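S.K.:
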Amino acid sequence: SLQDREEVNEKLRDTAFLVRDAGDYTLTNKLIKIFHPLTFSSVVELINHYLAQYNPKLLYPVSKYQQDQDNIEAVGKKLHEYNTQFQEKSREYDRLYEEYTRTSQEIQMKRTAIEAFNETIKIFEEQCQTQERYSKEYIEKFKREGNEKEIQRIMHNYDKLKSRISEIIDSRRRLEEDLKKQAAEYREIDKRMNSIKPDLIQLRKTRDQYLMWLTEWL
Amino acid sequence: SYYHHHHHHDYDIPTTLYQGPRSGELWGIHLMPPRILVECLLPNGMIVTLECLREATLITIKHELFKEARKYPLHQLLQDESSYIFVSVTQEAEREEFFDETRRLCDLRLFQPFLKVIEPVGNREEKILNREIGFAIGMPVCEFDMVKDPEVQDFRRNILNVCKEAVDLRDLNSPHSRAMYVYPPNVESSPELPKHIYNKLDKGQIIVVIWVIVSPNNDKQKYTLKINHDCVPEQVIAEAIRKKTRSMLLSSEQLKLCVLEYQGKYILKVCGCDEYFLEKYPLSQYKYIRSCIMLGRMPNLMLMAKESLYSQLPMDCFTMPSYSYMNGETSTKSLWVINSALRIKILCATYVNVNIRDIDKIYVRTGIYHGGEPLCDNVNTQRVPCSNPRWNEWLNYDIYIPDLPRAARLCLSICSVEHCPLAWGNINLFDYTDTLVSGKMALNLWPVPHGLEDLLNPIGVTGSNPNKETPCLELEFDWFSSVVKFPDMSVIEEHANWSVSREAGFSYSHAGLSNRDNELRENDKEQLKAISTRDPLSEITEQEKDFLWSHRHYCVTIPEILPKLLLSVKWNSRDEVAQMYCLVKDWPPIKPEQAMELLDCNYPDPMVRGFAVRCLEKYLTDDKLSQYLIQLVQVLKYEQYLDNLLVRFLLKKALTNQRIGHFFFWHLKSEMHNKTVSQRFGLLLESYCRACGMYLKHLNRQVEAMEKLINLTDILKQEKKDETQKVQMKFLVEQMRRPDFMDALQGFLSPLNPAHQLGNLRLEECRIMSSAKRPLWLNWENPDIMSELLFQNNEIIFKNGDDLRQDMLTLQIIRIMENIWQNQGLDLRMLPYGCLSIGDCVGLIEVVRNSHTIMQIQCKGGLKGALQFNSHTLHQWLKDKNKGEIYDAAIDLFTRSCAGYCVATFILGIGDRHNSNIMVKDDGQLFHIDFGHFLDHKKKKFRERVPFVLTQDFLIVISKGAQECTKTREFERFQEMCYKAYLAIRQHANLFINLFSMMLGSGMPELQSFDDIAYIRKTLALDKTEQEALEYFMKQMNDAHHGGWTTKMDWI
Ligand SMILES: Nc1ccc2[nH]c(C(F)(F)F)nc2c1
């Protein structure tokens, strides 16, 4: 083996092979036992060698020491600074998900509110047209029959009804433009999450760099 | 000098929008003012604005709008009011005609304060009590009626099979079978007892008490018997009447004839709640008895006259709704006839929210799936990066169309460039009618949303996002001149026998034996059973997959191995799968605890799943169903299509068994707001509500109650925040005194246990607790006739704010441990208090009287001079309750309960136990509350920790009043309980591994993927031997306590 499962699966996360202990060892998810000691090419030379050659249905080894970007003391804070970036970035990441969540539920509340508006209007438009049948079926008289004891106060109903409708359509209008800025704000939060994601992934990866070199603060 | 004088300019205190989930009676406003202006629109065209009361009925506002229309024009053109009905737009945004005019204005959910008058359109007005169903479901029924998708229309119409069948079963032996539906007996799965229970009986006898009520009724009568634990209710009914009627004027012969007549006219009811002993079981098999045995209680039953019970049960009377080669298909082409590889055209994402600057490039990634993948992931080329991106490419997937297994799915996403995913979606490659999909499809995408760094996400839900305002992604599915279908069972069996016979005559040599005679090797024949017993997450090597796959025909003798076998099959081989299908056909049944694994997210195949359903159909008892109902409901999410075997199985048991039904209803309803499952679950709820009979009206009270409590607590958490508790409490009582509250919160069944009735509110004892989420502590009169023998006052907690459903699971796991332990000899008394999520971060939590946190204990005993708390205060407090022969048992309980909880909290890895996490009852039982993050989510920042660390405090109580308490024999016997308990759970490890896996379907951030469950493997140590695990447990227990845990065992 030449020294010079749960965590092997977790470190294989986000990689589009490596050797592990238990057969006695395991090449890794697609698991390959090393039982297949007691063979040609003392363990390590079989790994360099490589996959269709025996299995019908079958380049990137992972053991970088990560000095790529010498103290022990000073590298200990290079976690404490990167992890505070990571955690302050993480804090900001999941801060916006609350906003992403709250806004999206707020958004869908608005269109379902607008559907109630639209529908409410259709009852009020239908109501002004209800009287013009039943009012001008009895506008038959017009001027006589004790002057205008009927037809003056009928016009007041019609006046409020129409000015009421006026206010409803204004209220909806107001909500619809409320929704627009909200739609744009929603999109804008998602936008900055996507730029944060790979910064947050690289920061979490580079936090793993200064961890695995070393092998209180946090 | 503190901060090197460095100013923070960015900082500012005013609203820092920086708290350091969240409508009511009208739109935008929670509580409508007590008098309100309500526009009333008529057939006249006159909009007469009434000022009515918030809490006034429609009867009232009608019979006042009748009178005040006599003051407005066009009066004789208004008909008699008795020929009219109200209607308005609600907040859900529909025209809700208002039939039950006893309803109050505040309960209508009106959006805008107005009414319209109309006549009863649809004169079958009793039919338009779909309203009931809509209220119960939490969306309108007519919203389903206008759904295009035929699958939905087909689900609604075809699922009535089960409803009608199930209603027939209820009225088979009526009214008995109706009472079995309504009041199913509440009994354990084993009829025999564990030995520690038996030994509280002097050679198997319980002292019971039967109660009777003869006129004037005013009086009741003990009849204390002493009968066998295993005798049935029929017998106990007899001996109870023997005693009643025994006399100096009855002979022995004349007694027995009186007994026989009276016997078959009564049944047994538990006193103080609506439980009932309705069939032949041993008395001790019923849970109430077995509770009474253990708790040290004398069962109080009651002779209920069958007349007066069959008097209470109403006719269910289900009725069907308005929804009531030889075809144009011509089975046009079988899938296996087609000659090309799969290819799928991806073209144009309408929009994506990305920065032009920060992100370099983007592309649509794809792959075909079956849970885990049957070919290389096919990325599409980069185009028009971060700015109106469209493609027009076909990706060519290396799998020949005939190989595609029945449950194959396209899984796609859209990624960045240094890679991260932007949006995602999946599609069933076959539609619900076995048809291989063709034409163009519009796949609206989901967000990732959180966590999930993986690019593709196939464990997520299939189908498009029903939010239109998302990344859409148009795509064309290849068309093979004619409509394609998956082959019939005839076709597949034929091909099986072919490749089976084609095996038989193959050569001497074949890459040795790479994937494959009847020469039954004896070292190998033991290797199968060794693999058979491994845990579901013990990742298998492809050497073992071939090994297994080769002896597939042998594996049928070890039926338990099937989950391992099925994962070993190649699903991109039409050949291998066809043979597997035929094994699964004949395969003999397995234990329900294993069959459940075959309904998790790794086994999508309909045949596999149908098997699993048949295991459960034969083997799973109604008891064990209602234990595991949560998982089975969450596993519907992973089903491909709406209509399926598992939904039919659950809908039937829900309509068989009103105890199941109740939780089956709530468990759907609680996840209803979650739009991903919303449609599947609603249609199911619609089918249940349509078929369950009068219970629908009981549920509607429960729902109507919950809404009031949701609405009340919202007002407390916004607005009436930043007000003294004294102010909040003046508001709380004022509001519960209101008449709509009194209506809604008084006559109903506790959702935590529908057995327990809730009668009148004792406002006296109702209060807003100290927690910041403003939970309400509620308290109702038990309106039972024998309330005295159980509890004069039922009280439970309603908490709007926390997501209960984590607690809900850990308590479920705790209960399942307690039961494993109990029936395996070990008495470790846990207290899994009742908890129920009933909506998005809203629920109910059972109170446990005479219990207090260690913090409260320490404040009573805490000496007036505020220097330091003594650790003995707990031990002294416990003595002050428990004095005499009592005392020793009170320790036994503590020690037993502490141990049980020590093991479970370690294993589950629940949140750190401190003093306000742990509670102690007066009788000396210990139990944990508020568990928090369960599989150790708290490691995601920077192990294998012991969350229940035994302070000095507990150790004293464990060892009686002691100096050097870790050396006592009291502490040894405690240590042995932990060692026996830890092993016991480990020996049943499979169940817990599966139980957690099945719960990946829910949105809980502590169960995102199988690697989150992995913790539980470590902590039970299954990759090691049981003697190593023990020593691992001892090690880890030694680590936390600083010494104590160095021991050895005699028995292996
Ligand atoms: N005790 C008991 C438990 C479950 C049962 N299922 C059936 C049915 F016949 F399948 F309905 N009968 C049962 C009796």
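So the protein sequences, as listed, match chains A and B. At position 47 of the first sequence the residue is numbered 501 (my numbering), and the sequence of numbers has no breaks. At position 113 of the second sequence the residue is numbered 139 (my numbering), and the sequence of numbers has no breaks. Ideal Cβ placement from N, Cα and C applies to all residues, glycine included.
(1) Rounded to whole angstroms, what is the Cα-Cα separation between B:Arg706 and B:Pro166?
(2) Does A:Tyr479 get closer than 9 angstroms to chain B when you measure Cβ to Cβ?
(3) Quick one: which chain A residues come within Cβ less than 8 angstroms of B:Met72?
(4) Just to make sure I have the definition right: I need the residues of chain B whose C-beta is within less than 8 angstroms of the C-beta of A:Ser589. Which are they?
(5) Less than 8 angstroms between C-beta atoms, sequence neighbours within five positions excluded: which residues of the same chain meet that for B:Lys907?
(6) Taking A:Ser649 as the query, report the chain B residues whose CB atoms sit under 7 angstroms from its CB, ordered along the chain.
(7) I'd like the list of long-range same chain contacts for A:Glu553, defined as Cβ closer than 8 angstroms, with 5 residues on each side in sequence excluded.
(8) Which bits of chain D does A:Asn525 rub up against, with CB to CB less than 7 angstroms?
(9) Find out if the Cβ-Cβ distance for the pair B:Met856, B:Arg875 is shorter than 9 angstroms.
(10) On the DSSP bridge list, what partners appear for B:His898?
(11) Is the Cβ of A:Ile608 closer than 9 angstroms to any Cβ of chain B?
(12) I want to verify the contact list: residues of chain B whose CB lies under 8 angstroms from the CB of A:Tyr551, in sequence order.
(13) Please state whether the Cβ-Cβ distance between B:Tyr423 and B:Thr461 is less than 9 angstroms.
(14) Quick check for students: name the residue ranges of the alpha helix (DSSP H) that lie wholly in the region 537-610 of chain B, counting only runs of 4 or more.
(15) With distances taken from CA atoms, which of B:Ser863, B:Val946, B:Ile839 is nearest B:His878?
(16) Less than 8 angstroms between the CB of B:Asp194 and some heavy atom of ligand 1, yes or no?
(17) Check each candidate in B:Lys799, B:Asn805, B:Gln783, B:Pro780 and name the one with the smallest Cα separation from B:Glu790.
(18) Put A:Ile486 into one of helix, strand or coil per three-state DSSP.
(19) Might you give, ordered along the chain, the residues of its own chain that have their beta carbon closer than 8 angstroms to the beta carbon of B:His724, omitting 5 neighbours on each side?
(20) Cα separation between A:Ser617 and B:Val759?
(21) If I follow the unbroken alpha helix (DSSP H) through B:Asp1038, where does it start and stop?
(22) What are the start and end residues of each continuous alpha helix (DSSP H) run of 4 or more residues lying completely inside the region 135-195 of chain B, in chain order?
(23) Which residues in the same chain as B:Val178 place their Cβ atom closer than 8 angstroms to its Cβ, once the five residues preceding and following it in sequence are excluded?
(24) Any C-beta of chain A within less than 9 angstroms: which residues of the region 88-117 of chain B qualify?
(25) Which residues of the region 1009-1038 of chain B have a Cβ closer than 8 angstroms to any Cβ of chain A? Give them in chain order.
(26) Which residues bound the alpha helix (DSSP H) around A:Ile526?
(27) For ligand 1, list every residue whose C-beta falls under 6 angstroms from any of its heavy atoms, going in chain order.
(28) What's the C-alpha gap between B:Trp597 and B:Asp429?
(29) By Cβ distance below 7 angstroms, which residues in the same chain neighbour B:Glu305 in space, the five residues on each side in sequence not counted?
(30) Give me the residue from B:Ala434, B:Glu479, B:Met720 with the minimum Cα distance to B:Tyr458.
(31) DSSP three-state call for B:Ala1015: helix, strand or coil?
(32) Taking the alpha carbon of B:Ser923 as the reference point, which residue from B:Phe503, B:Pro858, B:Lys890, B:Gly987 has its own alpha carbon closest?
(33) Applying the 10 Å Cβ sphere with the 16-neighbour rule, what's the burial state of B:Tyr389?
(34) Taking C-alpha atoms, which residue in B:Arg129, B:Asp133, B:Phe181, B:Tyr110 lies nearest to B:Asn149?
(35) Can you check DSSP and say which residues form a bridge with B:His396?
(36) List, in chain order, every chain A residue whose beta-carbon is nearer than 9 angstroms to that of B:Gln1053.
M.R.: Checking against the coordinates, here is how it stands:
(1) 14 angstroms
(2) no
(3) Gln585, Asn611
(4) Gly71, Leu100
(5) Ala916, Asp948, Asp949, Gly950
(6) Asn381, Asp384, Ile385
(7) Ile643
(8) In the displayed structure, chain D is absent; the protein chains listed are A and B.
(9) With respect to the 9 angstroms criterion, B:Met856 and B:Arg875 are not classified as neighbours on the basis of their beta carbons.
(10) According to DSSP, which records beta bridges pairwise, B:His898 is partnered with nothing at all.
(11) yes
(12) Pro475, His476
(13) no
(14) 550-558, 568-576, 578-581, 588-594
(15) B:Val946
(16) no
(17) B:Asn805
(18) strand
(19) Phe774, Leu775, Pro780
(20) 41 angstroms
(21) 1036-1046
(22) Complete alpha helix (DSSP H) runs here, min 4: 157-163, 168-171, 176-184.
(23) Around B:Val178, the same chain offers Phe170, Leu668, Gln705, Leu709 as residues with beta carbons nearer than 8 angstroms, after the five sequence neighbours per side are excluded.
(24) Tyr98, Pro99, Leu100, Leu103, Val113, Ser114, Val115, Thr116, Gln117
(25) Those would be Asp1037, in chain order.
(26) A:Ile526: not part of any alpha helix (DSSP H); DSSP gives it neither H nor E.
(27) B:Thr647, B:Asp648
(28) 8 angstroms
(29) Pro211
(30) B:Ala434
(31) helix
(32) B:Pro858
(33) buried
(34) B:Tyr110
(35) B:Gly398
(36) Within 9 angstroms of the CB of B:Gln1053, no CB atom of chain A is found; the nearest one sits about 18 angstroms away.
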